[PDB]
Amino acid sequence: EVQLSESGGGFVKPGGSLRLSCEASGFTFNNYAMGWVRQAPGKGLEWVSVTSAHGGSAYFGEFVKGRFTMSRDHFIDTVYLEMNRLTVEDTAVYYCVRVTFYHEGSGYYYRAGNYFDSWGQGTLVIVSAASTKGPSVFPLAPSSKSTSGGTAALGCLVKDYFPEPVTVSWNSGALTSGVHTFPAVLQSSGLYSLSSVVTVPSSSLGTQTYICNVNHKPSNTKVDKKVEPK
Amino acid sequence: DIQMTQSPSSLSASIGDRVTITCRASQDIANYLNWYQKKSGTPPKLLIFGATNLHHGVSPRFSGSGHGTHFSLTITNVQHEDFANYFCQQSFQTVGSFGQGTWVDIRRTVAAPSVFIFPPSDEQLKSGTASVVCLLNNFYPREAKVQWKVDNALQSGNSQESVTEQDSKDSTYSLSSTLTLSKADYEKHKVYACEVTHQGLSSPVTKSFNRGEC
Amino acid sequence: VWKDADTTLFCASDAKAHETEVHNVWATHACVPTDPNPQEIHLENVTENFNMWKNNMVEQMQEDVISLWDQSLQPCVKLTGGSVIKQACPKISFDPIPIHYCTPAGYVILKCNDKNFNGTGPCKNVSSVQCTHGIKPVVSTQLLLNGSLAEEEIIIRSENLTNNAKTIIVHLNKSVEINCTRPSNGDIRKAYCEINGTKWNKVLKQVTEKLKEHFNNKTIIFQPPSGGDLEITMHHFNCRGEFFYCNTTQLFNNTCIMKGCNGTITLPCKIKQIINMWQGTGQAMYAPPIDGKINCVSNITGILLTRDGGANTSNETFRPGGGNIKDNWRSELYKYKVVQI
Ligand SMILES: *[C@@H]1O[C@H](CO)[C@@H](O)[C@H](O)[C@H]1NC(C)=O
Ligand SMILES: *[C@@H]1O[C@H](CO)[C@@H](O)[C@H](O)[C@H]1NC(C)=O
Ligand SMILES: *[C@@H]1O[C@H](CO)[C@@H](O)[C@H](O)[C@H]1NC(C)=O
Ligand SMILES: *[C@@H]1O[C@H](CO)[C@@H](O)[C@H](O)[C@H]1NC(C)=O
Ligand SMILES: *[C@@H]1O[C@H](CO)[C@@H](O)[C@H](O)[C@H]1NC(C)=O
Ligand SMILES: *[C@@H]1O[C@H](CO)[C@@H](O)[C@H](O)[C@H]1NC(C)=O
Ligand SMILES: *[C@@H]1O[C@H](CO)[C@@H](O)[C@H](O)[C@H]1NC(C)=O
Ligand SMILES: *[C@@H]1O[C@H](CO)[C@@H](O)[C@H](O)[C@H]1NC(C)=O
Ligand SMILES: *[C@@H]1O[C@H](CO)[C@@H](O)[C@H](O)[C@H]1NC(C)=O
Ligand SMILES: *[C@@H]1O[C@H](CO)[C@@H](O)[C@H](O)[C@H]1NC(C)=O
């Protein structure tokens, strides 16, 4: 059974270099072309690179522009992707893929007409100049003009933290229904910002206490913020 | 060099439906086209290769067709596991390339968003920054437009948004949008409005507040 | 009585001890002299099954040619994965000679003599031989050079012709000369191959008609390879020790399958210092070409093709292939198999 295992993921400064590796097993490594495919946050799959079975040739997606290098080690059935002069736009999950040709007969040579039959689990590369930072938590107070006899919304704004993730519960996990914790957005500052909201009966405001429990492990930050009306 | 364009951008389906995704290449690529499935948390999965060949282990509910520039993926008898993002890929040139993707979500009754606007907390304003948040809660379909207005001036470039995954129970989405201004610029204006456009609304809904108000 | 079997064959040749030509040097040590009077005998009423695509004779020849090239065309610089091998790379004499493959005592080679034998299945006119015919270990892609010709009709060979994944070997019954030249005294790497467009197109038409027999009279189209390594997108071969890369776009030109294109086809070629090794061992770097006229005239005796396929379509599209050099040896060893007494 084919197995592809990536490693070398992590953080790197823009303009910096980072080498990914893919350890292959369950098939004859020397017979197959190998490659890489990535998916950046909020974007689609992107053809990064493929190297021939013989390992003397490699080809790259248009965005690479001479920045990347591939190599393979037949002694340990490993493929490498050296990435240089990385940018924030290169932040993505990178997948190791095995390449199968539509047609037999090319031997060790790479030919057009192929498909990515097997995929690794992927490894995350984050290209950032930011340093570890804990979030500021601000209340999203329920509107005083909240609908009478209806439903009100309140939440917590988790702003300016790095890296991902943060975790958010309400009332220490007591309140779960109606909770929406949104995906973080990457701000121009290079820091992430996230919101968590919950809808509740407007009648419960001024009687019911609502605390959001924010946890950011990288900075070992644990915050509790009571969200009161007005 | 070769651009792959998928259509539609997205579509909804019920269990048991048949749906078709199309892929167009900017030039002839013979049958050198593959289809992949992508679901969050797992890597891409090959479905179809060489335009028409079903990959080993893949359900025959998936089939591919086309030759030249126009291709299609058909999913018969849609199952819950099929709700995913789908990508075409040409392998005709030495360097291959992917389509932009087409995602399939679960059809439900149209639901307009419950809209809420939150002013920046005094706590944050003390830091010299003002974040104005607008919530669009539990709506369907996913398409929604948020338009920030400050003193009725249409904003742009100073907001970001994100959307939840389709809810497993009620099949709805929620959206949060954040307008970020300096404290200076925030104090400099009065009315802050969040204008929401959605299929479920007869006309755009606006929620707003005046800076100095309880 | 006998049975199918695999054994370590030995080779024979007419190599000369005085030659510095590298094939002669290898064969002088590796092979025995040929039999000036070899023993072939018809087998009265014997039907034997052959399978060219599963013939271990091919594997042994592959190993020999790799061995020969290791000793003969060692690069100045070899790059394999994460290592750099430097070795002396003097210019040498290079011109393939025929190699015969022979069975040891206790074995014999059965030879298929059916005039249109396609490479697989039963053969009715069978004979037994001591050794194969003389096979030149010519390494090339797309076009099979300096080989043997089919005796009767053009033969289409494939493990499974309905499976488009399987490679196609077209065996010609009339050869077409390809005249490749790097002329002497701008670019020392610029070369070209000349073919009689009249001879070629007529053969290509015959190949077309033969392919129609197998594919329900469908329209047969030829197209260049859409992409990949240069060694298989181009006609790759070695002439006088120099590695040639020739563009065969003009050879697979459907317009001439009646516009006046009966003239000389001049394929543009390039001699490269850096090559991807057919042996699968990374890339190799050689010194720039020798001075003077570099010339090789060869017989095109076969063609390697891949079929696009397509689920229904009105056409069948074929593109020149190759790269797996084992298939080169298959195109000659197809009618032989080893058996044990
Ligand atoms: C079998 O074919 C060979 C040539 O391929 C020929 O010499 C021989 O005569 C044939 N067999 C008979 C019985 O004629
Ligand atoms: C070759 O001949 C055998 C025996 O008749 C047949 O089974 C096979 O289909 C043929 N293949 C081709 C490509 O002609
Ligand atoms: C080669 O074979 C074709 C049929 O494939 C036939 O029409 C032609 O006459 C043959 N030519 C020679 C020289 O045997
Ligand atoms: C030949 O290929 C066809 C199509 O791929 C396939 O249906 C058939 O089973 C193959 N024949 C054999 C003997 O494998
Ligand atoms: C090959 O081409 C060269 C230059 O075009 C010519 O001088 C030579 O005579 C040709 N050889 C043959 C055998 O046609
Ligand atoms: C090509 O070969 C034909 C023989 O079929 C011959 O008549 C013609 O003159 C050749 N072309 C040349 C010599 O340019
Ligand atoms: C071969 O020649 C054709 C026509 O000039 C050209 O389009 C093609 O790119 C060439 N092939 C290579 C590998 O340069
Ligand atoms: C085919 O040959 C004709 C000669 O009339 C030429 O004009 C055309 O460009 C050729 N097409 C190719 C080489 O693709
Ligand atoms: C084919 O054989 C001829 C004559 O022996 C020779 O001049 C030519 O170089 C050979 N071609 C190749 C590719 O070895
Ligand atoms: C190669 O072609 C030449 C010229 O027609 C011919 O004299 C020679 O016999 C051919 N050799 C083979 C092995 O077909």
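So you know, we letter chains A, B, ... as the sequences are listed, proteins then strands, and number each from 1. The figures here come from the full heavy-atom set of this structure, side chains too, leaving out hydrogens, waters and symmetry mates.
In terms of modelled atom types and a separation under 3.5 Å, the side chain of A:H103 and the main chain of C:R307 share a donor-acceptor contact. Of the possible donor and acceptor atoms, one in the side chain of C:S158 sits under 3.5 Å from a partner among the backbone N and O of C:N160. When atom types are taken as modelled, the side chain of C:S67 and the backbone of C:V65 share no donor-acceptor pair closer than 3.5 angstrom. A distance-only check finds a donor-acceptor pair linking the side chain of C:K210 to the backbone of C:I154 [under 3.5 Å]. Looking only at distances, no side-chain donor or acceptor of C:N201 sits under 3.5 Å from a matching main-chain atom of C:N262. In terms of modelled atom types and a separation under 3.5 Å, the side chain of C:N253 and the main chain of C:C256 share no donor-acceptor contact. Side chain of C:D229 to backbone of C:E231: no donor-acceptor contact under 3.5 angstrom is found. With hydrogens and angles disregarded, no donor-acceptor distance shorter than 3.5 Å links the side chain of C:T248 to the backbone of C:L251. In this structure, the side chain of C:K16 engages the main chain of C:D14 through a donor-acceptor pair within 3.5 Å. Looking at C:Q142, its side chain does come within 3.5 Å of a backbone N or O of C:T233 through a donor-acceptor pair.
When the ring-ring contact (aromatic ring centres under 6.0 Å, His included) test is applied to C:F222, the partners found at least two apart in sequence or on another chain are C:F252. With sequence neighbours excluded, no residue forms a ring-ring contact (aromatic ring centres under 6.0 Å, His included) with A:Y108. Under the rule for a ring-ring contact (aromatic ring centres under 6.0 Å, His included), A:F29 has no partner lying at least two apart in sequence or in another chain. With sequence neighbours excluded, the residues satisfying side-chain hydrogen bond (donor to acceptor under 3.5 Å, both in side chains) with C:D308 are B:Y32, C:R319. Under the salt bridge (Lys or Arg N to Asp or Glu O under 4.0 Å) criterion, C:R182 pairs with no residue, sequence neighbours left out.
Between the side chains of C:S127 and C:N113, a donor-acceptor pair is found at a separation under 3.5 Å. With 3.5 Å as the limit, one finds no donor-acceptor pair spanning the side chains of C:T301 and C:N299. Remark: the C:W200 side chain and the C:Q250 side chain contain no N/O donor-acceptor pair separated by less than 3.5 Å. Between C:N179 and C:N295, the side chains place a donor N or O and an acceptor N or O closer than 3.5 Å (distance only, hydrogens not considered). Side-chain contact, C:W69 with C:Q279: no donor N or O sits under 3.5 Å from an acceptor N or O. Using modelled atom types and a 3.5 Å distance limit, the side chains of C:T20 and C:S93 yield no donor-acceptor pair. Between the side chains of C:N276 and C:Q283, not a single donor N or O lies within less than 3.5 Å of an accepting N or O.
Summarising the geometry, atom CG belonging to C:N238 is positioned 7.5 Å from atom CD1 belonging to C:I275; distances are rounded to the nearest 0.5 Å. To the nearest 0.5 Å, the span separating OG1 on C:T266 from CD1 on C:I195 amounts to 7.5 Å.
Between C:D95 and C:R240 there is a side-chain heavy-atom pair separated by less than 4.5 Å. Contact of the A:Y102 side chain with the A:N114 side chain is not registered, since no non-hydrogen atoms from C-beta on lie closer than 4.5 Å. In this structure, C:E332 and C:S148 have side chains that are in contact, with non-hydrogen atoms separated by less than 4.5 Å. For the pair C:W26 and C:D64, the minimum side-chain heavy-atom distance is below 4.5 Å. Side-chain contact between C:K270 and C:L230 is absent, with no heavy-atom pair separated by less than 4.5 Å. Looking only at side-chain heavy atoms (C-beta outward), C:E242 and C:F94 stay at 4.5 Å or farther from each other. Within the 4.5 Å cutoff, the side chain of C:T167 has no heavy atoms near those of the C:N324 side chain. When side chains are defined from C-beta on, C:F237 does not count as touching C:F243, because their heavy atoms never get closer than 4.5 Å.
Other residues, nucleotides and ligands contribute more than 12 heavy atoms inside 6.0 Å of the CG atom of C:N116. Counted within 6.0 Å of NZ on C:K86, heavy atoms from surrounding residues, nucleotides or ligands total 12 or fewer; the atom is thus considered open. By the 6.0 Å contact criterion, CG on C:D187 is enclosed, its count of non-hydrogen atoms from other residues, nucleotides or ligands being greater than 12. Around atom NE2 of C:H18, more than 12 heavy atoms belonging to other residues, nucleotides or ligands sit under 6.0 Å away. For C:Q87, the CD atom counts as densely surrounded, since its 6.0 Å shell holds more than 12 non-hydrogen atoms of other residues, nucleotides or ligands. For NZ of C:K293, the number of neighbouring non-hydrogen atoms (other residues, nucleotides, ligands) closer than 6.0 Å is 12 at most.
Checked for salt-bridge contact, C:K166 and C:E159 meet the test: a charged N lies under 4.0 Å from a carboxylate O. Ion pairing between C:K199 and C:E177 fails under the 4.0 Å rule for side-chain N and carboxylate O. Salt-bridge formation is not detected for the pair C:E40/C:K111: no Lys NZ or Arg NE/NH1/NH2 atom is positioned less than 4.0 Å from an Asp or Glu carboxylate oxygen. Between C:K218 and C:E316 there is a salt bridge, with a side-chain nitrogen of the basic residue lying less than 4.0 Å from a carboxylate oxygen of the acidic one. By the 4.0 Å N-to-carboxylate-O rule, C:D4 lies close enough to C:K337 to be salt-bridged with it.
In this structure, A:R98 forms a cation-pi arrangement with A:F27, its terminal cationic atom sitting closer than 6.0 Å to the ring centre and no more than 45° off the ring axis.
The shortest non-hydrogen separation linking A:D117 to A:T100 is OD1-OG1, 2.8 Å.
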Evaluation steps, ring-ring contact (aromatic ring centres under 6.0 Å, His included), between C:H235 and C:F244: CA-CA 8 Å; C:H235 171 43; C:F244 278 65; 9.4 Å; no
Intermediate values then yes/no, side chain to side chain contact (heavy atoms under 4.5 Å, CB included), C:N173 and C:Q206: CA-CA 10 Å; C:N173 56 359; C:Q206 284 188 137; 4.2 Å; yes
Test log, rule ring-ring contact (aromatic ring centres under 6.0 Å, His included), inputs C:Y334 and C:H171: CA-CA 11 Å; C:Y334 62 91; C:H171 199 199; 5.6 Å; yes
CA sep, side-chain torsions, deciding dist, call: C:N254, C:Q223, side chain to side chain contact (heavy atoms under 4.5 Å, CB included): CA-CA 8 Å; C:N254 308 274; C:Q223 289 298 289; 3.4 Å; yes
Residues C:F215, C:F318; criterion ring-ring contact (aromatic ring centres under 6.0 Å, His included); working and verdict: CA-CA 12 Å; C:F215 291 108; C:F318 300 78; 5.6 Å; yes
C:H133/C:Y101 under ring-ring contact (aromatic ring centres under 6.0 Å, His included): CA gap, chis, key distance, verdict: CA-CA 8 Å; C:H133 66 284; C:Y101 280 95; over 10 Å; no
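Aromatic pair A:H54/A:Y110: centroids not less than 6.0 angstrom apart.
The SG atoms of C:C11 and C:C102 lie 2.5 Å or more from each other.
Looking at C:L144, C:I168, C:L143, C:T141 one by one, the single match for side chain to side chain contact (heavy atoms under 4.5 Å, CB included) with C:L304 turns out to be C:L144.
Here disulfide bond (SG atoms under 2.5 Å apart) pairs that include residues 148-215 of chain C, with residues two or more places apart or in two chains, are C:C180-C:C193.
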